[PDB]
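Chemist: Below: one structure in structure tokens.
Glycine also receives a Cβ, built like all others from the backbone with ideal geometry; neighbour counts cover every protein chain displayed. Values in this text are rule-based calculations from the coordinates and carry no lab data.
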Amino acid sequence: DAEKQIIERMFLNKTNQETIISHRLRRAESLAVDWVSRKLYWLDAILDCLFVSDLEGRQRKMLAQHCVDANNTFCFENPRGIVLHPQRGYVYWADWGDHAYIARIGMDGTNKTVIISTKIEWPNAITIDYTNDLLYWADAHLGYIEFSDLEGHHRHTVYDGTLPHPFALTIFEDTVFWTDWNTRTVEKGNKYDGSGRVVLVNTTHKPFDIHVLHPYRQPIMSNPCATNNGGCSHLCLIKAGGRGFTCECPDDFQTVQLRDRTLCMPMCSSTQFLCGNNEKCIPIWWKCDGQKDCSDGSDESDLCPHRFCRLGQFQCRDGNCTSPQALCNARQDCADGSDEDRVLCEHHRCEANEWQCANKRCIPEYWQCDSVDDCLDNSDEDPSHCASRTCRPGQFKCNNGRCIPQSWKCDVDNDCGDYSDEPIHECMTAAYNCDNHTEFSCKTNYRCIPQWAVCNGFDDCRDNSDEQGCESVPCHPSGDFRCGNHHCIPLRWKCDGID
Amino acid sequence: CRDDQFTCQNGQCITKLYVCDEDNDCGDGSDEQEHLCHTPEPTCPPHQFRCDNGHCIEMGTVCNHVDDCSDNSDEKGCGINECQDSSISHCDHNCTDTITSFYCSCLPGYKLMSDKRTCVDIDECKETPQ
Ligand SMILES: *[C@@H]1O[C@H](CO)[C@@H](O)[C@H](O)[C@H]1NC(C)=O
Ligand SMILES: *[C@@H]1O[C@H](CO)[C@@H](O)[C@H](O)[C@H]1NC(C)=O
Ligand SMILES: *[C@@H]1O[C@H](CO)[C@@H](O)[C@H](O)[C@H]1NC(C)=O
Ligand SMILES: *[C@@H]1O[C@H](CO)[C@@H](O)[C@H](O)[C@H]1NC(C)=O
Ligand SMILES: *[C@@H]1O[C@H](CO)[C@@H](O)[C@H](O)[C@H]1NC(C)=O
Ligand SMILES: *[C@@H]1O[C@H](CO)[C@@H](O)[C@H](O)[C@H]1NC(C)=O
Ligand SMILES: *[C@@H]1O[C@H](CO)[C@@H](O)[C@H](O)[C@H]1NC(C)=O
Ligand SMILES: *[C@@H]1O[C@H](CO)[C@H](O)[C@H](O)[C@H]1NC(C)=O
Ligand SMILES: *[C@@H]1O[C@H](CO)[C@H](O)[C@H](O)[C@H]1NC(C)=O
Ligand SMILES: [Ca+2]
Ligand SMILES: [Ca+2]
Ligand SMILES: [Ca+2]
Ligand SMILES: [Ca+2]
Ligand SMILES: [Ca+2]
Ligand SMILES: [Ca+2]
Ligand SMILES: [Ca+2]
Ligand SMILES: [Ca+2]
Ligand SMILES: [Ca+2]
Ligand SMILES: [Ca+2]
Ligand SMILES: [Ca+2]
Ligand SMILES: [Ca+2]
Ligand SMILES: [Ca+2]
Ligand SMILES: [Ca+2]
Ligand SMILES: [Ca+2]
């Protein structure tokens, strides 16, 4: 649930309903469930990462970050869809960022690989057929459903540019079912040639992610982690290739190897709290809130002060309440000043999409040398720091110590202020030619815009060539609606109360 | 750009004659794109026959026993049934003579190879899962 930002589980008889993950879900796009090793996998598009947990939410680990091809050509930016294959020990996902891709990783985090990298712009849907080891995906911009073999070496089209904005896809027998946003419908067709096509139902809201429920869609295989979690202390995950298992530690633990053994050492920070079983480490405000958070009950002990504040608020010695974001932000928000106590802020750690300042404050990484004093100690824009800075995978650095997406290099806007992001003598080379399937070129300059940007009502390239000839641009035969401005919009947006 | 000019993806206008001159007049290489310069040039009508010198002959004139074409392949072996011969057309599976010279074919389900004499077997379960 994205409005509540939670994960919920229920029984198929509607008898019991439970919330499993309720914390640190910024923008969770898709969920996968593993029946062999009894695991839950999901994607987050604000932390730009992939997570694994147990079906009861008792432990969590992050298996992928940054870039999938070691060359930095593709990287987690908008990861939408996920599918699992246990017999091969692989996890497959898709991303619809500037550089769209489909990638596979091993269920223990190993063998990070890119499978599809061409003729792909908006891959919302990804699924696998276990009867013959085939991988299917759908693209909403190019309007297709394609299937390949699990390595990506052969490609075939079920539909070849006729589907307006699909979102999710599933397969059973000789049939494939998919959900469509722009016509708000669920459709079935034949998985090899798209023959025998019908609309099963249409809805008032957006249909979202579809599944087929039958035993054969979760095939039987032996669990390698079955006997006592394979001896693993915290997490047991299937190895890449599907044979054998790997022991691992939650995300605030350090993993180390010993003779025929593995060890997890808790390394969790101030403003966090550790449980006696070394199971998990939890935020400090959880420590005494009336809710048992450690499985052993180690946090919610009787030897605790009175809990004045609401559940999830942070409490000061005075018995006053502040939002946890207040804690260690270099300004006093609580009378006691416990909000900025040295004991709590020393050895403090920020979120994965943040950078830390000498005063133990966290700011988004894009603020880091934006020429603004975002940190009151001015530690972010220290000239020595902005000069020695090395930026994270998949973005590009400028002389003034500022970093921008790799895509922003070689176009028309001086994104770094200084024109170092656009070295003309490099940008005018054949290396920056527009993708002939998914991009449009503007006659006055060396800038590419996505094909959906053309005739959208905006001057996306500064010569306005992308909005000139729109009387000639047809709308998609079904799924689009046309405006007297010679614009095309999704038919879901007709009669929605917004201009 | 001018009417006389050609426009490049890098945003340069060049005199149109430059196109496909094989000079990289535009650093983007738009000026020398393969699909821009390629043409269906090797063609002659169904009424005609085509010869190695770049010349085409009416089918009645072919095999008149007289040079129509510099290479003489209109006459060189015209009317000979090469697939009745054995040393030539040393071919794997099936040989079909044509009015001059020969051509070769593989058995159904097999594939024919670039030497135009060898036969191969398709891996159907990768070539066409359908
Ligand atoms: C509705 O779902 C239930 C399981 O929750 C299933 O048993 C039932 O067959 C479904 N309805 C129909 C018409 O199949
Ligand atoms: C990485 O990208 C560069 C520039 O496009 C290319 O030359 C190189 O072959 C790529 N791959 C590797 C493995 O370096
Ligand atoms: C839904 O499908 C039915 C049957 O084809 C059709 O009669 C109806 O008009 C459709 N409704 C919408 C809103 O598309
Ligand atoms: C790892 O991936 C490569 C392809 O990227 C594949 O050739 C290799 O067999 C894989 N190995 C394992 C152990 O999964
Ligand atoms: C909370 O802060 C106020 C600041 O004016 C202070 O007066 C008060 O003592 C604090 N609360 C308690 C219960 O002491
Ligand atoms: C894009 O260019 C490639 C050659 O690089 C070609 O095979 C393909 O057909 C082109 N696609 C379109 C949509 O023009
Ligand atoms: C060659 O062609 C004939 C045509 O009748 C066919 O019977 C034969 O099987 C083919 N292959 C061989 C090896 O002769
Ligand atoms: C296209 O045809 C012309 C003549 O009509 C030239 O022969 C040109 O060389 C051809 N292009 C290519 C790439 O062979
Ligand atoms: C070339 O010749 C064939 C017949 O031999 C067809 O007429 C074909 O249409 C010709 N090619 C072109 C480009 O017209
Ligand atoms: Ca993102
Ligand atoms: Ca793109
Ligand atoms: Ca608690
Ligand atoms: Ca504070
Ligand atoms: Ca700022
Ligand atoms: Ca700053
Ligand atoms: Ca920009
Ligand atoms: Ca730029
Ligand atoms: Ca536009
Ligand atoms: Ca809207
Ligand atoms: Ca509207
Ligand atoms: Ca040229
Ligand atoms: Ca020239
Ligand atoms: Ca002759
Ligand atoms: Ca002959």
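Chemist: I need the Kirkwood Rh of the range A:110-258: take the reciprocal of the average 1/r across all distinct C-alpha pairs and report it in angstrom.
Modeler: With all distinct Cα pairs of the range A:110-258 included, I get 17.7 Å.
Chemist: Using +1 at the Cβ of each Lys and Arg and -1 at the Cβ of each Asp and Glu in the range A:371-499, identify which of A:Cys416, A:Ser384, A:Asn433 lies farthest towards the dipole's positive end.
Modeler: Value: A:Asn433.
Chemist: Restricting to DSSP H runs of at least four residues, report the calculated mean residue ellipticity at 222 nm for chain A, -39500 (n - 2.57) per run over all residues, nearest 500 deg cm²/dmol.
Modeler: Result for chain A: -500 deg cm²/dmol, rounded to the nearest 500.
Chemist: Also: Taking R0 as 56 Å, what's the FRET efficiency between A:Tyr216 and A:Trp452 from their Cβ-Cβ distance, rounded to 0.05?
Modeler: 0.90
Chemist: Over all distinct alpha-carbon pairs, what is the Kirkwood Rh of the range A:360-447 in angstrom?
Modeler: For the range A:360-447, the Kirkwood estimate is 14.7 Å.
Chemist: Ignoring everything except DSSP H segments at least 4 long, calculate the 222 nm mean residue ellipticity for chain B; use -39,500 (n - 2.57) per segment, divide by total residues, nearest 500.
Modeler: Here the helix-only value at 222 nm equals -1000 deg cm²/dmol.
Chemist: Kindly provide log₁₀ I(q)/I(0) values, in the same order as q = 0.17, 0.27 Å⁻¹, from the Debye equation applied to equal alpha-carbon scatterers of the range A:1-64.
Modeler: After summing over all Cα pairs, the log10 values are -0.58, -1.33.
Chemist: So which of A:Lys112/A:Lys280; A:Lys39/A:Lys360; A:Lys4/A:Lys494; A:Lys191/A:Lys443 end up more than 30 Å apart by C-alpha?
Modeler: Correct reply: A:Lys39/A:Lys360; A:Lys191/A:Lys443.
Chemist: For the range A:275-314, what percent of Cα pairs sit more than 12 Å apart?
Modeler: For the range A:275-314, the fraction of Cα-Cα distances above 12 Å is 53 percent.
Chemist: So, one more: About the Cα centre of the protein assembly as shown, what is the dipole size in debye to 20, counting +1 per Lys and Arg Cβ and -1 per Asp and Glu Cβ, all else neutral?
Modeler: The dipole magnitude comes to about 3240 debye.
Chemist: GluC sites (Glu not before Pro), restricted to the range A:1-99: which are DSSP loop and have at most 16 other Cβ atoms within 10 Å?
Modeler: Passing both the DSSP loop test and the Cβ count: A:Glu3, A:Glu56.
Chemist: Then there's this: Please give the direction-averaged projected area of the C-alpha convex hull for chain B, in square nanometres with one decimal.
Modeler: Averaged projected hull area, Cα only: 14.3 nm².
Chemist: Follow-up. Provide the net charge surrounding B:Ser73, with neighbours chosen by a C-beta distance below 12 Å and charges set as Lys +1, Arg +1, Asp -1, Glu -1.
Modeler: Computed value for this residue: -4.
Chemist: OK, next. Give me Rg/Rg_expected for chain A, where Rg uses Cα atoms only and Rg_expected = 2.2 N^0.38 Å with N residues.
Modeler: That works out to 1.09 for chain A.
Chemist: Take the Cα atoms of the range A:202-301, build their convex hull, and give its volume per residue in Å³.
Modeler: Convex hull of Cα atoms, per residue: 216 Å³.
Chemist: Under unit Cβ charges (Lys, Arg +1; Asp, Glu -1), what dipole magnitude, rounded to 20 debye, does chain B have relative to its Cα centre?
Modeler: Dipole about the Cα centre, nearest 20: 440 debye.
Chemist: What percent do you get for the relative contact order of chain A when only Cα pairs under 8 Å and 6+ apart count?
Modeler: 8
Chemist: Would you mind computing, in nm to one decimal, how far apart the modelled labels at A:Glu56 and A:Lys14 are, each placed 7 Å from Cα along Cα→Cβ?
Modeler: 2.7
Chemist: Within a 10 angstrom radius of the beta carbon, how do A:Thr183, B:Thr43, A:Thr113, A:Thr127 rank from fewest other beta carbons to most?
Modeler: So the ranking, lowest neighbour count to highest, is B:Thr43, A:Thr113, A:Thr183, A:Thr127.
Chemist: Give me the distance in nm between label points sitting 7 Å out from Cα along the Cα-to-Cβ direction at A:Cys309 and A:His23, one decimal.
Modeler: Simple spin-label model gives 1.3 nm for this pair.
Chemist: Moving on. To make sure I understand, if each residue's beta carbon is the centre and we count other beta carbons within 10 Å, what order do B:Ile80, A:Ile21 fall in, fewest to most?
Modeler: Final ranking by Cβ density, sparse to dense: B:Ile80, A:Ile21.
Chemist: Separate question: Roughly how many Å is it from the Cα centre of the range A:129-160 to that of the range A:36-91, as a whole number?
Modeler: Their Cα centres are 21 Å away from one another.
Chemist: Cα centroids of the range B:69-130 and the range A:484-499: how far apart, whole angstrom?
Modeler: So the two Cα centres are separated by 60 Å.
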